[PDB]
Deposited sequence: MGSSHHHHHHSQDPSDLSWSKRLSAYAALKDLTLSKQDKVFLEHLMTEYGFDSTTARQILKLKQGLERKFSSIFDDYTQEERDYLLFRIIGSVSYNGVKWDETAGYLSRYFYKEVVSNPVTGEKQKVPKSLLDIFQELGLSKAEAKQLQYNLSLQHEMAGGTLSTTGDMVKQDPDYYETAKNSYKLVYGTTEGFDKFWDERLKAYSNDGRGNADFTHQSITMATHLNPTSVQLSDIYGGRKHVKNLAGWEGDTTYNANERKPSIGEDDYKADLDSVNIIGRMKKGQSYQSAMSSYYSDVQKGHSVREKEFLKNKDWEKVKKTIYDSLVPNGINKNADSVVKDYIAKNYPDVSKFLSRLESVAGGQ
């Protein structure tokens, strides 16, 4: 655990970054180092010294690629941007003409272009999806899965063998990852959710989608994993806009979160007006028959019908004063 990061052969800044990935989301050193490998591939592919790209574009690409594990399809391409603009293979499309066409690269092929081996790419994708599904603390140990949903258990087991090549150790692995990714059931930030939120905010062309009736999703849904992801997206993007890279801003932010008190909520309320947040959620969730000025009535309505959004409001209200 501690023993893994002594030798390495990473800058002090990179080790700090790896440790934040591990602490905040639950990744072990193996997965965290694979995420660092992706980032290093982006710097080799999109230079600011030998080419034209910027650090913010490289940070966007990292968020966009990690997000695509869980958020894909044309609805997300229009929203967070098309990865095919940056990752493709060209093939002769008409043998007589010589005309070529650019064929979009799959997510696993993007991972390998950026430096991961085929096995590393499969492991990274799997662990990013696991963290995404487990972060909210709604999933079960294999021991409870067997009894409750035996078909989900054998499905999950098959996915693990697909990745690692064996069924051996699935129960121990799943239970170990469930404790780490879910923060022992209490909730960690949903990393792919945070990533696609940040990618969307950095696309040249979050909490609001999760707290309102937007079309696409399951209505409002803001479990603890999305609460942290949504607020941390806004906070870290804000630090980046002030001049920091993603690695610097997230390192400074998670350090500050540890050193302070309710820093996640206080910093969110400095980026987003508490009254605008309240108003956005009220207009979307509260029917016109309820006087929105009668704040005690509204809070009891939300508390009864949207317990997750209620906690979201209670936590911010608490720090708004």
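A.B. asks: What portions of the deposited sequence, indexed from 1, have no corresponding C-alpha atom in the structure?
C.D. replies: Several stretches lack coordinates - namely 1 to 24, 230 to 247, 364 to 365, in sequence order.
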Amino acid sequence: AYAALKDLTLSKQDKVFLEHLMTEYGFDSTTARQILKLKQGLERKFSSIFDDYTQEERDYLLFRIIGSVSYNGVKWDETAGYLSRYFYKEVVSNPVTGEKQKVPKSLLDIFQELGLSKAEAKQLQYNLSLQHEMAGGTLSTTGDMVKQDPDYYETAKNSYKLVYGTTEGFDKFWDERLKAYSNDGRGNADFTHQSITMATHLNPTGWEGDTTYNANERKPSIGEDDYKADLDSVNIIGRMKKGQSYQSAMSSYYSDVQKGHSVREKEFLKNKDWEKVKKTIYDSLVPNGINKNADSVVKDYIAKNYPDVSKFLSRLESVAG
From here on, numbers count along this sequence of modelled residues.
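A.B. asks: Tell me which stretch, 213 to 221 or 227 to 235, has the higher mean Cα B-factor listed in the entry.
C.D. replies: Taking the mean B-factor of the alpha carbons in each, 213 to 221 is higher.
A.B. asks: With reference to the PDB entry, specify whether the mean Cα temperature factor is higher for 95 to 103 or for 157 to 165.
C.D. replies: Per the PDB entry, the higher value belongs to 95 to 103.
A.B. asks: In the PDB entry, which of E120, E176, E78, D190 has its C-alpha at the highest B-factor?
C.D. replies: Of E120, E176, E78, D190, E78 has the highest C-alpha B-factor.
A.B. asks: So among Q258, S252, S68, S296, who wins on Cα B-factor in the entry?
C.D. replies: Largest recorded C-alpha B-factor: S296.
A.B. asks: Classify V74 as lowest, middle or highest third according to the C-alpha B-factor given in the PDB entry, relative to its own chain.
C.D. replies: Within its chain, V74 is a highest-third residue by C-alpha B-factor, going by the deposited values.
A.B. asks: In terms of the chain's CA B-factor thirds, is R186 lowest, middle or highest?
C.D. replies: Ranked within chain, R186 CA B lands in the lowest tercile.
A.B. asks: Among the modelled residues of this chain, does the Cα B factor of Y306 put it in the lowest, middle or highest third?
C.D. replies: It falls in the top third of the chain.
A.B. asks: Give the position of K147 by CA B-factor within its chain, expressed as the lowest, middle or highest third.
C.D. replies: As the PDB entry reports it, the C-alpha B-factor of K147 lands in the highest third of its chain.
A.B. asks: Ranking every modelled residue in this chain by its Cα temperature factor as given in the entry, which third contains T30?
C.D. replies: Within its chain, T30 is a middle-third residue by C-alpha B-factor, going by the deposited values.
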